[PDB]
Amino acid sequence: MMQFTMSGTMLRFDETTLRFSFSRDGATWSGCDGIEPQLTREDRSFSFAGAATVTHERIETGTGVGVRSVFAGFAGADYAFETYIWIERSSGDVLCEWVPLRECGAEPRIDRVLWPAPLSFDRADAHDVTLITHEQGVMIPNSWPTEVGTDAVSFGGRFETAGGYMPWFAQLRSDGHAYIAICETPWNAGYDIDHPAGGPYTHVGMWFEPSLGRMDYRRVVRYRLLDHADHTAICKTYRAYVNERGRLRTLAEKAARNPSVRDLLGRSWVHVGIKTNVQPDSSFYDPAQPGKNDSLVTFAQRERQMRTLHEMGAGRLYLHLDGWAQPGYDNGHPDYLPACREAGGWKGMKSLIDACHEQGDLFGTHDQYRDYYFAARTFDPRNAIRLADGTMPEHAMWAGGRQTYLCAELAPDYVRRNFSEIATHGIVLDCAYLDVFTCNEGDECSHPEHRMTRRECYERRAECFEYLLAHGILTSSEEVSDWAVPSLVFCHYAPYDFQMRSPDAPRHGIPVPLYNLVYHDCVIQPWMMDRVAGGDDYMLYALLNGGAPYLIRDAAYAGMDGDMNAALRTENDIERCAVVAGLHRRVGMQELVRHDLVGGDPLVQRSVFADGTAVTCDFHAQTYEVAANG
């Protein structure tokens, strides 16, 4: 056994078990008993202690003190690596480094790495909770009724996706003593969660996958232990962390570059489409109903629709237009041109835009630069992703049918080409929507002509956005995975997980806005307005989160993109929008300082902002209150 103390914190680490535990402000935490850190190969799991040779080195640096462990020989295969577990002098934080060394013609490839092993947290106490970044956020009591497994989180608990908006998780006791684990190297990483139904425990661990088939580079987790800590405070920890590395890009900062940003406050959302053209090979094809597959609303009709919506006194509107190009929604991409002839052509579309501006309303196209359809006019496999095994992925899920994925290295080329074309026919977009980018994982590509790491992928996607900000077109994408913050103005939404499920489907936990706690002054988000019959009004959640409202939110596919059943429930729309929007017109660019569960009652909550303005929402009474005091 090796023990360390420094700057308020103590790390102990057992040379034989490898289990570690660390302590600060007198609370302790330890690795779970009997769960060990593991490699995983195509052909079996190893513990790290399974190593043929293991050494340990006690180490003191100018920066900190801890231990460095080499691990060599496995099964019989060669293969080695290190770990380094240590206390930063400056801060009283603990840092965990998994470090590749030798990999060889491995055989098989190391498929995953579960380390550091999850911290013991097995109480049951209902005020003993776990926080996770699955979409807008989830608080998970060690009691909580329902099962929560990794396999029930989107994208398998992958960071930089809807599955984990931000690269961290945290576990908090009723004490007020908590820990936050931040993934400093997320691009090939995610979390794992095991909460059996009814608890008593909740285990959470970081996993790491290879980068183009090799672990390649150091992976690093940073733990900060807290005292007198609520879920709001925990969020701030990470906030600070990000700003301390200069990726807390505020709306303000963004405004100073493109001032139209401000124009987005108060506005109301209108998501609706032109052409629909589901293909025979599409997983959505209905070989009966040819009308369901194939439908068209002209630019003209959308023009009328928008006038009408002004006259009725809707107010300030952003229009997002799906399906505006010749191929039809989710057809032809990236060759999504020209604007649909049978809908009006460039003229009908230009005419419609002009008209939105003319009543002080804004407008974005719905566009796509990852999905790459075989049908596209200039389809060519040499532009497509190859996976680390050299294979080219395929599917035919969406409208346009058979597709692969465009290597992002080349996306910016195609953004530049398309949008330049759009703007030569007198179209002047206020915004644009680059689909998928911020929802899905970043691809990796082994094609030698455009080799690209997941890390690199997010950088290209961000380059796509930046072309738009540079031509005064604001940027939107599907959701809000935190990589995109520096370049992302607003989204299609930042929902909680339970909004993307049937209301009948049990929830995984209390809906707390972890993302907006961190980023509400950096990204504008519209919100669902649907009322659940026998349940919640989703407007209520809009308020807590200080967002703008969906007025009209047409699905593109029945069932998809949080399209609620019909076990639904609402008249009085514009009114409802106007209420939430005027809140948005106020505090839309401010921090969100606090969120609190009133009296520790889950179904009553308050969100306090920078200007003092508080939002109390009661989910028994289905009632809501917007003050000014705080």
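Residue numbers run from 1 along the displayed sequence.
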Residues of the deposited chain absent from the coordinates between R594 and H595 total none
Quick note on 322 to 330 and 171 to 179: per-entry mean CA temperature factor is higher in 171 to 179
Per the PDB entry, mean CA B-factor is higher for 159 to 167 or 301 to 309, namely for 301 to 309
Per the deposited B-factor column, the C-alpha that peaks among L226, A556, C407, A505 belongs to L226
The largest CA temperature factor among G62, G50, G66, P602 is found at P602
Assert third(CA B-factor, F121) within chain per record equals middle
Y515: CA temperature factor from the record, placed by chain third, in the middle
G400: CA temperature factor from the record, placed by chain third, in the lowest
Of the three thirds of the chain ranked by Cα temperature factor, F379 occupies the lowest
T276: CA temperature factor from the record, placed by chain third, in the lowest
